[PDB]
Structures are given as C-alpha cells and as structure tokens.
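For reference, the structure is listed below as structure tokens.
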Amino acid sequence: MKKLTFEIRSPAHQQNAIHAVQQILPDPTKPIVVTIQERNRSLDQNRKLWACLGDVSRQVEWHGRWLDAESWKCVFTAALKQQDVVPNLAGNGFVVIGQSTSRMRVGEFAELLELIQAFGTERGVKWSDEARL
Amino acid sequence: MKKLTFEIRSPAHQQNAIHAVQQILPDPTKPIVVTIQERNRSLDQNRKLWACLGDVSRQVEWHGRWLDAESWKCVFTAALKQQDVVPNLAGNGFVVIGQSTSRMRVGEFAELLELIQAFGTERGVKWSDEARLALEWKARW
C-alpha cells in the first residue's frame with residue numbers, strides 16, 4: 001500500500017488534511033485517491049494491520065531479503081493457516097494460494113495482529129503510531 | 001456518515017475533495033478518517049480486473065473445485081511471474097508467496113488482464129461487465 005490516514009479531531013487537524021490534498025497534482029495515469037469516511041472497527045483493523053506490516057517490512061530482514069508488507073502478510077497468515085495448492089495454468093506445475101485476511105473473523109484476525117506485534121517485538125521493531133492504534 | 005471517494009484525475013476533481021474535506025465537522029469523540037492513497041492501477045481498471053476474476057470464478061471450475069476471485073488472481077499472476085519462496089516463521093518449513101498485483105508495472109498489469117481475458121475467452125466465459133454495459137445502452141435509447 002501507500003495510504004496516509006488522518007484523524008480529523010481538531011480544526012487544525014483538518015487544516016493539515018487540506019494541505020495534503022491541495023499538494024496533489026493529478027495525473028489521468030497514476031491517480032491519487034482521497035476518501036472521507038467515519039471510523040469503524042473493521043477499518044481500524046486494516047489500518048493497524050498494514051501499519052505493523054509496514055514497520056516489520058522496513059525493519060526486519062528475512063534471510064537476506066527485504067519483504068514488502070504484502071509478502072510479510074503471506075508469511076504471517078501462513079504461520080496461522082496452511083496455504084492451498086491448485087494446478088498452474090500450464091498444467092506442468094502448481095501455484096500456492098494463502099488464506100485471505102478478507103473473509104477472516106475478528107477473533108482469528110486479532111490473532112494475526114497478536115502474532116505480528118509479538119514477532120516484531122522479540123525483534124525490537126519500532127512500531128509507528130498507526131501501529132500502536 | 002456515508003463513505004466518500006474522490007479519485008483525483010483532474011484539478012477539478014481535486015477541488016471537490018479539498019472542499020469536501022473542509023466541509024467536515026471536527027469531533028474528538030467520534031472522529032472521521034480522511035485517508036489519501038497512492039495508486040499504480042487506476043480505480044476504474046480494478047473494477048474490470050475483479051469483474052473478470054469474478055466471472056471466471058463463477059463460470060470455470062479448476063480441476064475439481066471452484067476458486068474465488070482472489071485465488072484466481074494468484075493462478076493468473078503465477079502464470080506470468082514465478083511465485084517466490086521463503087522460510088516460514090517456525091523455521092521448519094516454507095511459505096510460497098505470489099507476486100503483488102499492486103506493485104505490478106503498467107506493462108505487466110496490462111498483460112495480466114490480457115491473460116485473464118484470453119483464458120476466459122476460450123472457456124466460453126460470458127463477461128458480466130459487458131452485460132451491464134449493454135443494458136445501459138439498452139436503457140439510454
């Protein structure tokens with residue numbers, strides 16, 4: 001991802017929100033989407049999830065490689081549930097499919113969040129604020 | 001409130017957003033979120049990708065079972081770029097990771113859609129997006 005989130009609590013807060021937006025120079029090709037919406041747990045979970053993944057991403061090296069947030073998501077959900085395997089299109093190999101965080105239930109979603117925080121901690125990761133949510 | 005989305009494509013579009021954000025009533029207690037976000041693949045493009053994946057999902061069965069759109073994205077992406085493999089957390093096995101469609105370049109992403117369209121085509125897949133589009137012209141006239 002690359003989503004800058006804002007909690008408009010004070011008028012100064014939204015004054016800064018107006019800055020961020022005013023500074024976007026549009027391009028029919030590579031767009032920048034802005035979205036207003038009220039808070040809800042579901043959305044607050046994905047905000048916190050991606051925040052930690054971003055921290056772990058940027059801070060933890062995995063066996064000589066640096067994985068992005070999406071890669072780390074796959075490695076984490078997989079610690080909690082095995083991946084599936086279906087044939088590849090060519091029919092001469094296979095492809096693995098991890099479980100999605102989408103049709104994942106609060107209970108088993110707080111478990112993933114626990115693992116990430118747990119893992120990043122043993123490794124002394126510096127959690128951002130959106131992560132300490 | 002209801003969620004609002006302003007994909008910024010033109011300064012005219014941008015002006016709507018900065019005003020909308022201004023039309024907001026701050027509130028410490030129940031604050032609202034204004035989230036901005038980078039994008040590689042247009043907002044409209046995506047609707048097409050997921051409508052395809054969905055159609056294939058609904059119409060073609062892969063070796064004995066039906067896969068959801070997400071699962072089909074993997075298979076299709078797997079056909080273009082090799083899935084990466086990495087050591088699991090427990091340190092006693094491995095986890096295979098597909099390629100990120102988000103990170104994809106415009107030349108690749110373009111190819112993904114071609115693959116999906118080509119695959120569904122020889123499978124007799126009826127495209128839902130075209131169906132809607134045709135019902136819109138039917139309604140206009």
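Following the order of the structure tokens, first chain is A, next is B, and so on, with residues numbered from 1 inside each chain and ligands from 1 in the order they appear.
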
Distance table requested - chain A against chain B, cut-off 6 Å, only C-alpha atoms: one row per qualifying residue with the closest atom pair and its distance in Å to one decimal, ordered by chain and rising residue number, as CSV.
residue,atom,partner,partner_atom,distance
A:2,CA,B:38,CA,5.4
A:3,CA,B:37,CA,4.1
A:4,CA,B:36,CA,5.2
A:5,CA,B:35,CA,4.2
A:6,CA,B:34,CA,5.2
A:7,CA,B:33,CA,5.2
A:8,CA,B:26,CA,5.7
A:9,CA,B:28,CA,4.4
A:10,CA,B:26,CA,5.4
A:11,CA,B:26,CA,6.0
A:18,CA,B:18,CA,5.6
A:21,CA,B:18,CA,6.0
A:26,CA,B:9,CA,5.1
A:27,CA,B:9,CA,5.5
A:28,CA,B:9,CA,4.9
A:30,CA,B:40,CA,5.6
A:31,CA,B:39,CA,5.7
A:32,CA,B:38,CA,5.0
A:33,CA,B:7,CA,4.0
A:34,CA,B:36,CA,4.3
A:35,CA,B:5,CA,4.4
A:36,CA,B:34,CA,4.4
A:37,CA,B:3,CA,4.3
A:38,CA,B:32,CA,4.2
A:39,CA,B:32,CA,5.6

Would you mind exporting N, CA and C atoms of the selected residues as a CSV table (one decimal), in the first residue's frame?
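Wrote result_29.csv, looks like this:
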chain,number,residue,atom,x,y,z
A,2,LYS,N,0.2,2.4,0.4
A,2,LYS,CA,0.8,3.8,0.5
A,2,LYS,C,-0.3,4.7,0.9
A,3,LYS,N,-1.0,4.4,2.0
A,3,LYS,CA,-2.2,5.2,2.4
A,3,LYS,C,-2.0,6.0,3.7
A,4,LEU,N,-1.9,7.3,3.5
A,4,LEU,CA,-1.7,8.2,4.6
A,4,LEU,C,-3.1,8.5,5.2
A,5,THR,N,-3.3,8.0,6.5
A,5,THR,CA,-4.5,8.2,7.2
A,5,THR,C,-4.6,9.4,8.1
A,6,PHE,N,-5.7,10.1,8.3
A,6,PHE,CA,-5.9,11.3,9.1
A,6,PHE,C,-7.1,11.2,10.1
A,7,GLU,N,-6.9,11.5,11.3
A,7,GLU,CA,-8.0,11.5,12.3
A,7,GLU,C,-8.4,13.0,12.6
A,8,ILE,N,-9.3,13.5,11.8
A,8,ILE,CA,-9.7,14.9,12.0
A,8,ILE,C,-10.5,15.2,13.2
A,9,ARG,N,-9.8,15.4,14.3
A,9,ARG,CA,-10.4,15.6,15.6
A,9,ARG,C,-10.5,17.1,15.9
A,10,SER,N,-9.4,17.9,15.6
A,10,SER,CA,-9.4,19.3,15.8
A,10,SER,C,-9.4,20.0,14.4
A,11,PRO,N,-9.8,21.3,14.4
A,11,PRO,CA,-9.8,22.1,13.2
A,11,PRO,C,-8.4,22.2,12.6
A,18,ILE,N,-6.3,19.4,4.6
A,18,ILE,CA,-6.5,20.2,3.4
A,18,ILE,C,-5.2,20.5,2.7
A,21,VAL,N,-4.1,17.3,0.6
A,21,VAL,CA,-4.9,17.2,-0.6
A,21,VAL,C,-4.5,18.3,-1.6
A,26,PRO,N,-2.8,16.0,-9.9
A,26,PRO,CA,-3.4,14.9,-10.6
A,26,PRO,C,-2.7,14.4,-11.9
A,27,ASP,N,-3.0,13.2,-12.3
A,27,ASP,CA,-2.5,12.5,-13.5
A,27,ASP,C,-3.4,11.4,-13.9
A,28,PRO,N,-4.1,11.6,-15.0
A,28,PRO,CA,-5.1,10.6,-15.5
A,28,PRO,C,-4.5,9.2,-15.5
A,30,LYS,N,-1.4,7.8,-13.2
A,30,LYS,CA,-1.2,7.3,-11.9
A,30,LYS,C,-2.0,8.2,-10.9
A,31,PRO,N,-3.2,7.9,-10.6
A,31,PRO,CA,-4.1,8.7,-9.7
A,31,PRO,C,-3.8,8.5,-8.2
A,32,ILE,N,-4.3,9.5,-7.4
A,32,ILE,CA,-4.2,9.5,-6.0
A,32,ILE,C,-5.6,9.7,-5.5
A,33,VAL,N,-6.1,8.6,-4.8
A,33,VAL,CA,-7.5,8.6,-4.3
A,33,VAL,C,-7.6,9.1,-2.9
A,34,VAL,N,-8.5,10.0,-2.6
A,34,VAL,CA,-8.8,10.5,-1.3
A,34,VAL,C,-10.1,10.0,-0.8
A,35,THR,N,-10.3,9.6,0.4
A,35,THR,CA,-11.6,9.1,0.9
A,35,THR,C,-11.9,9.5,2.3
A,36,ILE,N,-13.1,10.2,2.4
A,36,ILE,CA,-13.6,10.6,3.7
A,36,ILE,C,-14.5,9.4,4.1
A,37,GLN,N,-14.6,9.2,5.4
A,37,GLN,CA,-15.5,8.1,5.9
A,37,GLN,C,-15.4,8.1,7.5
A,38,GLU,N,-16.4,7.7,8.1
A,38,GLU,CA,-16.4,7.6,9.6
A,38,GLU,C,-15.7,6.3,10.1
A,39,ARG,N,-15.1,6.4,11.3
A,39,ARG,CA,-14.4,5.2,11.8
A,39,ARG,C,-15.3,4.0,12.2

Which residues are close to region 65-78 of chain A, i.e. within 6 Å by only C-alpha atoms, leaving aside same-chain residues fewer than 6 positions away? Reply as a list in words.
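Near region 65-78 of chain A, the qualifying residues are residues 53, 54 and 57 of chain A.
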
With N, CA and C atoms kept, could you save the residues just selected as a short mmCIF file (atom, residue, chain, number, x, y, z; two decimals), in the first residue's frame?
data_model
loop_
_atom_site.label_atom_id
_atom_site.label_comp_id
_atom_site.auth_asym_id
_atom_site.auth_seq_id
_atom_site.Cartn_x
_atom_site.Cartn_y
_atom_site.Cartn_z
N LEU A 53 2.70 -4.28 9.54
CA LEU A 53 3.36 -4.95 8.44
C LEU A 53 4.39 -4.01 7.80
N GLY A 54 4.05 -2.73 7.73
CA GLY A 54 4.95 -1.74 7.15
C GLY A 54 6.20 -1.59 7.98
N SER A 57 8.15 -4.77 7.75
CA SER A 57 8.68 -4.76 6.41
C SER A 57 10.00 -4.01 6.35
#

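From CA of residue 98 (chain A) back to CA of residue 122 (chain A), the distance works out to 24.9 Å.
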
Figure out the distance between CA of residue 80 (chain B) and CA of residue 52 (chain B), please, to one decimal in Å.
16.9 Å

Contact residues around region 46-51 of chain B with only C-alpha atoms at 10 Å, ignoring same-chain residues under 3 positions, as a PyMOL selection string
chain B and resi 41-43+54-57+69-70+72-73+109+112-113+116-117+127-130

Straight-line distance linking CA of residue 58 (chain B) with CA of residue 131 (chain B), stated in Å to one decimal
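One can read the CA of residue 58 (chain B) to CA of residue 131 (chain B) distance as 14.8 Å.
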
Write out as a PyMOL selection string all residues of region 12-132 of chain B that DSSP puts in strand (DSSP E) for this structure's backbone.
chain B and resi 32-38+84-87+94-97

Give me the residues within 10 Å of residue 129 (chain A) as a ChimeraX atom specification, counting only C-alpha atoms and dropping any in the same chain fewer than 4 places off.
/A:48,51-52,133

Given the choices A:109, A:119, A:41, A:100, which gets closest to residue 59 (chain A) if the distance is worked out from only C-alpha atoms?
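Between A:109, A:119, A:41, A:100, the residue approaching residue 59 (chain A) most closely is A:119.
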
As a PyMOL selection string, which residues of region 38-115 of chain B does DSSP assign to alpha helix (DSSP H)?
chain B and resi 43-59+69-80+106-115
